[PDB]
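Shown below, as structure tokens, is a lone chain in the form deposited in one PDB entry; questions about how it binds or moves come after it.
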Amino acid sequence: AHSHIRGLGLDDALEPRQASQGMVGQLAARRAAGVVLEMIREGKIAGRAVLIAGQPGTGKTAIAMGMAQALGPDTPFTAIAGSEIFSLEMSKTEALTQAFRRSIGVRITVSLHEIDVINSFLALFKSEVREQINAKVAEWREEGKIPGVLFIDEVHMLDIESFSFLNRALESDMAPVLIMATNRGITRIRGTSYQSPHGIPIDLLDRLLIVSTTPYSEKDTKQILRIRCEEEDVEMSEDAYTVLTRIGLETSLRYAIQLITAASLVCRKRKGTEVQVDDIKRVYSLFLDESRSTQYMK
């Protein structure tokens, strides 16, 4: 999904170029992310986190991926959704400690979580293990033998107790850069009867740097779609790109991206080389988007 994102694509003066390092348009957010990167580099981001507020499919995840790439090539990047913390399989503490340990790298670069799994056939099936892993890593670091980026999408799904965990996590030196994202304005803090901007408590909000993403133009949507086709090794007609950019603007960038793979399959079945308007057309009528599926049910 973010194969193309190779950095934030900014010049020497931390100013974004229209298309560079995989990133297309979204000038202001990429400019703001640039200031955040230099803040992280100059050691000023300490104790603070990032909130990217924007409508779905506005490169919130892409900017988080770009920040990781810009911080370094070995920098661990883990993206989770707020809802993921609520599991039948594990506690919210476990869900969160795992997301954090997946975001702290150890250059022998391997994540703390990967080291936890290795020292522990099908998902149809310990504090001590982590205590031993943390001890060996402390020994190796002292002998002289990398905190990444943690992206939390749909952050308004987290409850007050989870927010306290994130807050206490920000107090650690070895903690990764916390980047949260939402599309919500005022909402209730889960586990609370109070409303708050983005559904985040005042204590955490006061420690955040809020960045906003604007929705893409017809020209920007087409460019992102052309980049995704290259990533999936799919060739399209210029007229098919126009149809897809329209389908994307009327529905979502995610639904337009979902169609690329299906349209390529239809084109390959037709014993074809380049995906034409009729392939995108067939696939659009076959596989519904949230707007059509919910309206057909009503």
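Note that the rigid core is defined as the largest set of C-alphas that superpose within 1.5 Å between two forms. Sequential numbering from 1, following the sequence displayed.
This protein has a second form, the form deposited in another entry, left out of what is shown; the following refers to that one.
When both forms sit on the same rigid core, the CA shifts between the shown form and the other one reach 2 angstroms or more only at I133 out of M157, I133, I227, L209.
Core-superposed comparison between the shown form and the other one: the CA of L71 stays below a 2 Å shift. A displacement of 2 angstroms or greater separates the C-alpha positions of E114 between the shown form and the other one, with the rigid core held in common.
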